[PDB]
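Following: one structure in structure tokens, then a few remarks.
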Amino acid sequence: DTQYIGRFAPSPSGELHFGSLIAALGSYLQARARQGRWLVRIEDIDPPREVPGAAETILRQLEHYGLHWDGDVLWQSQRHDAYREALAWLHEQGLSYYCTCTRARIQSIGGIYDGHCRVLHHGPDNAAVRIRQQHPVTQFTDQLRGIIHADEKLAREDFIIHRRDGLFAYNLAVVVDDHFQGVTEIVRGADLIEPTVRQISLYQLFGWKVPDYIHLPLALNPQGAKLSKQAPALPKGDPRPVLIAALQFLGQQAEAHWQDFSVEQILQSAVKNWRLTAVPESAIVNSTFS
Ligand SMILES: N[C@@H](CCC(=O)O)C(=O)O
Ligand SMILES: [Zn+2]
């Protein structure tokens, strides 16, 4: 009954590239097709890996490509109190613990945590915070791909919520912020499929409503290899041929003679003609984007 709310949540570790344009465009078109809101959140939660100016570049790029968000941009750098608040609640509820294990130790036992500190009652001193999983989620529904079966060992891990170095974990921040922003459906890149079950486990532990999920096509280079595996910035010039290429990647109708249309017209038509079922599970990008 309530309005659809979707979002694009880029990390400012670089400017937009074709893969992140796919995520922005796919989430935008699905949100607009569903007559819903489309939010933008800057995930600037890791200062060291952030590039000064990149977040602003991204927002400017979105506008250049005709993708206008609703309301104000949320900045994770302004949400640290919210992550702290959620961690405090988990601790009071008996749903988290402090872990003093080294990376060397975890590597030596196969790379997946064994729950060593689960009942040792360490304090927060020089410790990471781990979630105390109860009933890990190992499968989820993707509205496009159907039921996904996750890697069981990774899915069942008491994963990190707050790193030893003090940074809040992505899995924590994304759940806290999507819930805070009232996100009802998460439409995002294929590279984010695996952590989905952990995020769902976390919604369940908070006692919050689990949103819907759509993972967009896996991007391949022309040789058929994963594109994400190690990317040219989006052209600063005419965005139209790039938008047309992105629509084609998403299996949508794409006007070959884009010269007689504005960016806004191309997008308006893309919303009207959006067919989620036409979005493929993988797609090959052209050489211009590899
Ligand atoms: N900033 C993260 C979050 C993605 C998401 O959950 O939509 C990324 O771009 O990889
Ligand atoms: Zn430990």
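All residue names refer to the structure tokens as shown: chains lettered A, B, ... in order, residues numbered from 1 in each chain, ligands numbered from 1 in order.
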
Surrounding residues as an mmCIF file with N, CA and C atoms, in the first residue's frame, ligand 2, max 7 Å, only C-alpha atoms and all ligand atoms:
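result_27.cif was written with the following content:
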```
data_model
loop_
_atom_site.group_PDB
_atom_site.id
_atom_site.type_symbol
_atom_site.label_atom_id
_atom_site.label_comp_id
_atom_site.auth_asym_id
_atom_site.auth_seq_id
_atom_site.Cartn_x
_atom_site.Cartn_y
_atom_site.Cartn_z
ATOM 1 N N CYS A 99 35.323 -9.205 19.609
ATOM 2 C CA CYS A 99 36.273 -10.223 19.170
ATOM 3 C C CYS A 99 37.680 -9.647 19.101
ATOM 4 N N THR A 100 38.617 -10.319 19.765
ATOM 5 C CA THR A 100 40.001 -9.868 19.822
ATOM 6 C C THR A 100 40.931 -10.727 18.972
ATOM 7 N N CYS A 101 40.361 -11.584 18.128
ATOM 8 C CA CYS A 101 41.159 -12.462 17.271
ATOM 9 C C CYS A 101 41.872 -11.693 16.169
ATOM 10 N N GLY A 115 33.629 -18.426 15.728
ATOM 11 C CA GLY A 115 32.835 -18.064 16.892
ATOM 12 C C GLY A 115 33.630 -18.091 18.187
ATOM 13 N N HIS A 116 34.954 -17.978 18.077
ATOM 14 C CA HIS A 116 35.838 -18.090 19.244
ATOM 15 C C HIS A 116 35.425 -17.214 20.436
ATOM 16 N N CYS A 117 35.163 -15.934 20.188
ATOM 17 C CA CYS A 117 34.898 -14.993 21.282
ATOM 18 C C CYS A 117 33.430 -14.943 21.708
#
```

Counting only C-alpha atoms and all ligand atoms, which protein, DNA or RNA residues come within 6 Å of ligand 1, given as a PyMOL selection string?
chain A and resi 9-11+43+188

Keeping only C-alpha atoms, write those residues as a CSV table (one decimal), in the first residue's frame.
```csv
chain,number,residue,atom,x,y,z
A,9,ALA,CA,24.1,4.2,-3.0
A,10,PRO,CA,27.6,4.7,-4.5
A,11,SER,CA,30.9,4.6,-2.7
A,43,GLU,CA,28.4,5.8,1.2
A,188,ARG,CA,21.9,-3.0,-7.4
```

Atomic distance atom CA of residue 35 of chain A - atom CA of residue 254 of chain A, expressed in Å with one decimal:
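Computing the Euclidean distance for atom CA of residue 35 of chain A and atom CA of residue 254 of chain A yields 21.4 Å.
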
Cut-off 12 Å: closest segment 113-153 of chain A/segment 271-281 of chain A atom pairs per residue, using only C-alpha atoms, as CSV:
```
residue,atom,partner,partner_atom,distance
A:142,CA,A:281,CA,11.5
A:143,CA,A:276,CA,9.0
A:144,CA,A:277,CA,6.7
A:145,CA,A:281,CA,7.2
A:146,CA,A:281,CA,10.9
```

Show which residues sit within 12 Å of residue 192 of chain A, as a ChimeraX atom specification. Count only C-alpha atoms, and ignore same-chain residues fewer than 4 positions away.
/A:9,20,23,142,150,170-171,174,186-188,196-199,213-218,228

Could you find all residues in segment 19-194 of chain A that DSSP calls alpha helix (DSSP H) from the backbone, and write them as a VMD selection string?
chain A and resid 19 to 33 54 to 64 80 to 92 103 to 108 152 to 156 170 to 180

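Considering only C-alpha atoms, the residue among A:75, A:206, A:4, A:28 positioned nearest to residue 42 of chain A is A:75.
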
Atomic separation - atom CA of residue 70 of chain A relative to atom CA of residue 261 of chain A, Å:
24.2 Å

Tell me, as a PyMOL selection string, which residues lie within 10 Å of residue 46 of chain A, counting only C-alpha atoms; anything in the same chain fewer than 6 positions away does not count.
chain A and resi 11-13+76-77+167-170

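Relative to atom CA of residue 234 of chain A, atom CA of residue 256 of chain A is found at 19.3 Å.
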
Can you list, as an mmCIF file with C-alpha atoms, in the first residue's frame, all residues belonging to segment 21-151 of chain A that DSSP tags as strand (DSSP E)?
```cif
data_model
loop_
_atom_site.group_PDB
_atom_site.id
_atom_site.type_symbol
_atom_site.label_atom_id
_atom_site.label_comp_id
_atom_site.auth_asym_id
_atom_site.auth_seq_id
_atom_site.Cartn_x
_atom_site.Cartn_y
_atom_site.Cartn_z
ATOM 1 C CA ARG A 37 10.735 7.476 -4.893
ATOM 2 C CA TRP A 38 14.391 7.183 -5.916
ATOM 3 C CA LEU A 39 16.930 8.259 -3.311
ATOM 4 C CA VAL A 40 20.665 8.855 -3.472
ATOM 5 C CA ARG A 41 22.978 7.983 -0.573
ATOM 6 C CA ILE A 42 26.706 8.688 -0.595
ATOM 7 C CA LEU A 74 22.046 11.177 2.664
ATOM 8 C CA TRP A 75 25.748 11.092 3.596
ATOM 9 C CA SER A 96 26.683 -9.006 19.405
ATOM 10 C CA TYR A 97 30.047 -9.582 21.032
ATOM 11 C CA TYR A 98 33.601 -8.249 21.009
ATOM 12 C CA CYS A 99 36.273 -10.223 19.170
ATOM 13 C CA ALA A 128 35.975 -5.834 16.574
ATOM 14 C CA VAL A 129 32.226 -6.265 17.019
ATOM 15 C CA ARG A 130 30.703 -9.421 15.532
ATOM 16 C CA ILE A 131 27.043 -10.276 15.051
ATOM 17 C CA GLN A 139 18.827 -18.332 0.421
ATOM 18 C CA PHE A 140 16.917 -15.282 -0.749
ATOM 19 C CA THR A 141 14.355 -14.152 -3.294
ATOM 20 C CA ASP A 142 15.569 -11.955 -6.122
ATOM 21 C CA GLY A 146 14.374 -15.963 -8.650
ATOM 22 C CA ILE A 147 15.620 -17.850 -5.583
ATOM 23 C CA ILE A 148 19.366 -17.557 -4.990
ATOM 24 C CA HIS A 149 21.360 -20.062 -2.944
#
```

Would you kindly return, as a PyMOL selection string, each protein, DNA or RNA residue with an atom no farther than 10 Å from any atom of segment 208-210 of chain A, considering only C-alpha atoms and excluding same-chain residues fewer than 3 positions away?
chain A and resi 175-176+179+182-185+199-205+213

Of the residues A:194, A:189, A:118, A:25, which is the one nearest to residue 158 of chain A, using only C-alpha atoms?
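Result for the nearest residue to residue 158 of chain A: A:118.
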